[PDB]
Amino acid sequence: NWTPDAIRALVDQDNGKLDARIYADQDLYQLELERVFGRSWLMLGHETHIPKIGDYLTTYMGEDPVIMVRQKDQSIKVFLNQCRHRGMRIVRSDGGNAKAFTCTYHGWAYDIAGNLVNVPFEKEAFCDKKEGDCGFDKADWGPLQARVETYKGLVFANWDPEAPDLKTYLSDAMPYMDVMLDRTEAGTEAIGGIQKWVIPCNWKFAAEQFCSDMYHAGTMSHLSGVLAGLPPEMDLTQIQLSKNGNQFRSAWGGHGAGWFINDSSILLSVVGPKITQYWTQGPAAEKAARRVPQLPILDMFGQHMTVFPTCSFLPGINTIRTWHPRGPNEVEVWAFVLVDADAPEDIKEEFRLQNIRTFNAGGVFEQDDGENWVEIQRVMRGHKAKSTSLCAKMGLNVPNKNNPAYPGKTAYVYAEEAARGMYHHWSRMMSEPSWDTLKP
């Protein structure tokens, strides 16, 4: 199969080259389920998805279905959505409120903590004189639990007891996240309705685009999307090129962000003038700048980001989504919209409507993004095409593109530095068996 050496060779960040096999190979995909999704922090939803005791959300870690559920002590637990008797899905709804989770096959019932608490016929069929006296103990048969940590509203989970805690894993990337998540003491909240759709491409195309690829938006991909936002009197001949900005590569972990500087037009085309004003001027913007002092946030526009492997979002448009993998050739997008909890309701309503318009299965920006990933994937079915050496050189050894205004490693807004770190980090996770070496 694949030696660590064989896997590391698929990615060359020094020479800027990627082996196309990373996006199609089935054997590599199964190793990703073990070595990447099995021990990464994965985004499941937002605390506001499960405000009250017994509230739950069913979602995924990789291809494993899990239940995320608010506990009596206000903690959140996450466990596999699988009965330990014969494997039935315990919870069949997308979310709701429970006092108990019951398996409909043989009626095994679980409390909201995931403990097994009721086995029909235990007394008659599973023991002799008292519970547990013939080797059957309900304590033994609870579904696998994940580690759970939140970061300013976002709920992340990780199966691996040996992995670093959440903040450690986030490396030097937290201020970039804060641009969206920490603008106000009030925190954020999720607009109801997670939109879910299926794209026949590899997760890494989508993870990489939000990590490192403003290039596609500053060139061809979103011309018609921008056009959709213009008044009848204007055409694409009256839209100026965007050339000034930077991108960030996290010190550890494969995270990435990019943005334009001191040009609000990228943002204006997607979110409109009302949100642009809110984002930049007045008391809410002032408070944000005090709350995220590590960054010149009022000069940053149209930011993209990925928290590796699959949590991606666009601060200021405020779409956020997880890419659930479905083999090497398919992904599900699970997206929702975040708003500052104390924003005026006209602002919340504009975030809601502009999001549906743009970054949505039906949206005028997203539809063109996915069409690209799907066509790439189709071509990689070819035998020559699947082994192509792809160019990740953009920005490589190109000097004087960093920006000392920003923490950590930076490069030009049109660059693949973030992308190179993403694939470099993937190759580490894929080739190093233990956190002994992998941890920051």
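Numbering starts at 1 and follows the sequence shown.
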Open item on the list: Please compare 256 to 264 with 98 to 106 and say which has the higher mean C-alpha temperature factor in the record.
Closed with: 98 to 106
- [ ] For the higher mean C-alpha B factor in the entry, choose 388 to 396 or 53 to 61.
- [x] 388 to 396
Task: Deposited CA B-factor, highest of 349, 332, 131, 189 - done: 131
Task: Selection from 238, 322, 212, 277 [criterion: highest C-alpha temperature factor in the record] - done: 238
- [ ] Would you check the entry's CA temperature factor for residue 22 and let me know if it's in the chain's lowest, middle or highest third?
- [x] lowest
Open item on the list: Taking only the Cα B-factors deposited for this chain, tell me whether residue 303 sits in the lowest, middle or highest third.
Closed with: lowest
- [ ] Among all modelled residues of this chain, ranked by Cα B factor, put residue 45 in the bottom, middle or top third, i.e. lowest, middle or highest.
- [x] lowest
- [ ] Among all modelled residues of this chain, ranked by Cα B factor, put residue 414 in the bottom, middle or top third, i.e. lowest, middle or highest.
- [x] middle
Open item on the list: What third of the chain does residue 430 rank in for C-alpha temperature factor, lowest, middle or highest?
Closed with: middle
